[PDB]
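S.K.: This is the structure, below, for whatever I ask next.
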Amino acid sequence: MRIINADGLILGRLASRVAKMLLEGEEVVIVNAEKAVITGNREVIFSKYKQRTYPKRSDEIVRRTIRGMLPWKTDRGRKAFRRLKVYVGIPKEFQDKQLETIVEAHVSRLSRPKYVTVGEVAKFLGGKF
């Protein structure tokens, strides 16, 4: 399996790359889901997700975003989605494992980064975490 640390990764980019991994047969675990980021204006992002509510918890938001990038309705999409596990923080079983990142998804690769974390969106919506 491949364990990805979502800390500082742009949600959309993270989701697109992970969807491809799942379709290619890889088992993917995402940790620190609440630390992934969404670029844009804070009020606009909050409003957008407020209208969608749809999961309100960080891990669920990340899971749903990835589901939308897969051929969900098909048999190939369902099988791929089954190989995904998402968690907030880093559960005990993954604390001493190698955590990978996705360089292309780093928000730090942006010149003028404006963003909020998934956790901040979850808190705003009333999610547990």
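Here's how to read the names in the structure tokens: chain A, B, ... by the order shown, residue numbers from 1 in each chain, ligand numbers from 1 in the order shown.
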At a cut-off of 9 Å, using only C-alpha atoms, what residues contact residue 120 of chain A? Leave out same-chain residues fewer than 5 positions from it and give the result as an MDAnalysis selection string.
M.R.: chainID A and resid 34:35 58 125 129
S.K.: Can you check which residues of chain A DSSP gives as alpha helix (DSSP H) on the backbone and send them as a PyMOL selection string?
M.R.: chain A and resi 11-23+42-52+58-67+75-81+118-125
S.K.: Name the residues in contact with segment 77-92 of chain A at a cut-off of 12 Å, using only C-alpha atoms, excluding same-chain residues fewer than 6 positions from it; report them as a ChimeraX atom specification.
M.R.: /A:1-7,15,18-36,57-71,98-99,118-119,122,128-129
S.K.: Please measure the separation of atom CA of residue 73 of chain A and atom CA of residue 39 of chain A, giving the value in Å to one decimal.
M.R.: 28.2 Å
S.K.: Report as a PDB file with N, CA and C atoms, in the first residue's frame: the residues of chain A with a DSSP assignment of strand (DSSP E), based on the backbone of this structure.
M.R.:
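What landed in result-v3.pdb:
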```
ATOM      1  N   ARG A   2       0.274   2.384  -0.318  1.00  0.00           N
ATOM      2  CA  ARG A   2       1.000   3.644  -0.334  1.00  0.00           C
ATOM      3  C   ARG A   2       0.301   4.584   0.642  1.00  0.00           C
ATOM      4  N   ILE A   3       1.057   5.126   1.591  1.00  0.00           N
ATOM      5  CA  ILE A   3       0.497   6.036   2.584  1.00  0.00           C
ATOM      6  C   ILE A   3       0.902   7.453   2.221  1.00  0.00           C
ATOM      7  N   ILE A   4      -0.091   8.315   2.026  1.00  0.00           N
ATOM      8  CA  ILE A   4       0.168   9.701   1.653  1.00  0.00           C
ATOM      9  C   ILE A   4      -0.168  10.666   2.785  1.00  0.00           C
ATOM     10  N   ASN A   5       0.773  11.551   3.093  1.00  0.00           N
ATOM     11  CA  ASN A   5       0.571  12.562   4.125  1.00  0.00           C
ATOM     12  C   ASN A   5      -0.048  13.754   3.393  1.00  0.00           C
ATOM     13  N   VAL A  28      -4.481   2.809  -1.272  1.00  0.00           N
ATOM     14  CA  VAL A  28      -3.979   4.088  -0.798  1.00  0.00           C
ATOM     15  C   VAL A  28      -4.602   4.501   0.521  1.00  0.00           C
ATOM     16  N   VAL A  29      -3.749   4.916   1.447  1.00  0.00           N
ATOM     17  CA  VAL A  29      -4.192   5.396   2.745  1.00  0.00           C
ATOM     18  C   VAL A  29      -3.772   6.855   2.818  1.00  0.00           C
ATOM     19  N   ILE A  30      -4.706   7.737   3.156  1.00  0.00           N
ATOM     20  CA  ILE A  30      -4.381   9.149   3.285  1.00  0.00           C
ATOM     21  C   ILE A  30      -4.477   9.503   4.760  1.00  0.00           C
ATOM     22  N   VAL A  31      -3.407  10.072   5.306  1.00  0.00           N
ATOM     23  CA  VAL A  31      -3.414  10.497   6.705  1.00  0.00           C
ATOM     24  C   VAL A  31      -3.332  12.020   6.728  1.00  0.00           C
ATOM     25  N   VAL A  37      -5.287  21.288   1.903  1.00  0.00           N
ATOM     26  CA  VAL A  37      -5.775  22.654   1.733  1.00  0.00           C
ATOM     27  C   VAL A  37      -6.616  22.883   0.490  1.00  0.00           C
ATOM     28  N   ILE A  38      -7.440  23.923   0.556  1.00  0.00           N
ATOM     29  CA  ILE A  38      -8.307  24.319  -0.545  1.00  0.00           C
ATOM     30  C   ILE A  38      -7.926  25.767  -0.828  1.00  0.00           C
ATOM     31  N   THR A  39      -7.521  26.060  -2.060  1.00  0.00           N
ATOM     32  CA  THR A  39      -7.114  27.416  -2.414  1.00  0.00           C
ATOM     33  C   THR A  39      -8.286  28.329  -2.750  1.00  0.00           C
ATOM     34  N   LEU A  84      -9.468   2.663  -0.974  1.00  0.00           N
ATOM     35  CA  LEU A  84      -9.080   3.923  -0.341  1.00  0.00           C
ATOM     36  C   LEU A  84      -9.470   4.000   1.135  1.00  0.00           C
ATOM     37  N   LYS A  85      -8.556   4.496   1.962  1.00  0.00           N
ATOM     38  CA  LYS A  85      -8.834   4.707   3.381  1.00  0.00           C
ATOM     39  C   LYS A  85      -8.320   6.107   3.687  1.00  0.00           C
ATOM     40  N   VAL A  86      -9.130   6.898   4.380  1.00  0.00           N
ATOM     41  CA  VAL A  86      -8.748   8.267   4.722  1.00  0.00           C
ATOM     42  C   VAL A  86      -8.902   8.492   6.220  1.00  0.00           C
ATOM     43  N   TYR A 115      -5.332  30.201   1.049  1.00  0.00           N
ATOM     44  CA  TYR A 115      -6.061  28.960   1.243  1.00  0.00           C
ATOM     45  C   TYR A 115      -6.589  28.787   2.654  1.00  0.00           C
ATOM     46  N   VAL A 116      -7.344  27.713   2.841  1.00  0.00           N
ATOM     47  CA  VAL A 116      -7.872  27.340   4.143  1.00  0.00           C
ATOM     48  C   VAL A 116      -7.637  25.837   4.196  1.00  0.00           C
ATOM     49  N   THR A 117      -7.586  25.263   5.391  1.00  0.00           N
ATOM     50  CA  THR A 117      -7.396  23.820   5.487  1.00  0.00           C
ATOM     51  C   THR A 117      -8.760  23.148   5.478  1.00  0.00           C
TER      52      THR A 117
END
```
S.K.: Within 12 Å of residue 110 of chain A, counting only C-alpha atoms, which residues show up once you throw out same-chain ones fewer than 2 positions away? Write them as a PyMOL selection string, please.
M.R.: chain A and resi 8-10+39-40+103-108+112-115
S.K.: Could you dump the residues just selected with N, CA and C atoms as a PDB file, in the first residue's frame?
M.R.:
```
ATOM      1  N   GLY A   8      -0.479  20.031   3.773  1.00  0.00           N
ATOM      2  CA  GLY A   8      -0.033  21.007   2.794  1.00  0.00           C
ATOM      3  C   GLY A   8      -0.313  20.704   1.336  1.00  0.00           C
ATOM      4  N   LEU A   9      -1.073  19.653   1.064  1.00  0.00           N
ATOM      5  CA  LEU A   9      -1.380  19.314  -0.320  1.00  0.00           C
ATOM      6  C   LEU A   9      -2.708  19.915  -0.767  1.00  0.00           C
ATOM      7  N   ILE A  10      -2.729  20.463  -1.980  1.00  0.00           N
ATOM      8  CA  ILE A  10      -3.943  21.053  -2.539  1.00  0.00           C
ATOM      9  C   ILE A  10      -4.926  19.912  -2.804  1.00  0.00           C
ATOM     10  N   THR A  39      -7.521  26.060  -2.060  1.00  0.00           N
ATOM     11  CA  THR A  39      -7.114  27.416  -2.414  1.00  0.00           C
ATOM     12  C   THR A  39      -8.286  28.329  -2.750  1.00  0.00           C
ATOM     13  N   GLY A  40      -8.124  29.609  -2.436  1.00  0.00           N
ATOM     14  CA  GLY A  40      -9.168  30.574  -2.711  1.00  0.00           C
ATOM     15  C   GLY A  40      -9.485  31.453  -1.519  1.00  0.00           C
ATOM     16  N   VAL A 103       4.672  15.909  -4.604  1.00  0.00           N
ATOM     17  CA  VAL A 103       5.333  17.179  -4.886  1.00  0.00           C
ATOM     18  C   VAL A 103       4.511  18.169  -5.702  1.00  0.00           C
ATOM     19  N   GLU A 104       3.883  17.689  -6.768  1.00  0.00           N
ATOM     20  CA  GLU A 104       3.077  18.545  -7.633  1.00  0.00           C
ATOM     21  C   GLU A 104       1.884  19.175  -6.926  1.00  0.00           C
ATOM     22  N   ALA A 105       1.451  18.573  -5.823  1.00  0.00           N
ATOM     23  CA  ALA A 105       0.297  19.088  -5.097  1.00  0.00           C
ATOM     24  C   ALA A 105       0.628  20.034  -3.943  1.00  0.00           C
ATOM     25  N   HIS A 106       1.912  20.281  -3.696  1.00  0.00           N
ATOM     26  CA  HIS A 106       2.317  21.181  -2.616  1.00  0.00           C
ATOM     27  C   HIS A 106       1.786  22.591  -2.857  1.00  0.00           C
ATOM     28  N   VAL A 107       1.138  23.169  -1.851  1.00  0.00           N
ATOM     29  CA  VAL A 107       0.605  24.520  -1.995  1.00  0.00           C
ATOM     30  C   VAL A 107       1.755  25.524  -2.046  1.00  0.00           C
ATOM     31  N   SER A 108       2.903  25.129  -1.506  1.00  0.00           N
ATOM     32  CA  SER A 108       4.075  25.998  -1.481  1.00  0.00           C
ATOM     33  C   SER A 108       4.634  26.257  -2.877  1.00  0.00           C
ATOM     34  N   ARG A 112       1.491  33.117  -4.996  1.00  0.00           N
ATOM     35  CA  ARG A 112       0.685  33.867  -4.037  1.00  0.00           C
ATOM     36  C   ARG A 112      -0.422  32.993  -3.449  1.00  0.00           C
ATOM     37  N   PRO A 113      -0.054  32.067  -2.550  1.00  0.00           N
ATOM     38  CA  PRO A 113      -0.981  31.143  -1.897  1.00  0.00           C
ATOM     39  C   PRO A 113      -1.988  31.731  -0.919  1.00  0.00           C
ATOM     40  N   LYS A 114      -3.265  31.504  -1.199  1.00  0.00           N
ATOM     41  CA  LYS A 114      -4.346  31.946  -0.332  1.00  0.00           C
ATOM     42  C   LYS A 114      -5.175  30.679  -0.178  1.00  0.00           C
ATOM     43  N   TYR A 115      -5.332  30.201   1.049  1.00  0.00           N
ATOM     44  CA  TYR A 115      -6.061  28.960   1.243  1.00  0.00           C
ATOM     45  C   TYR A 115      -6.589  28.787   2.654  1.00  0.00           C
TER      46      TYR A 115
END
```
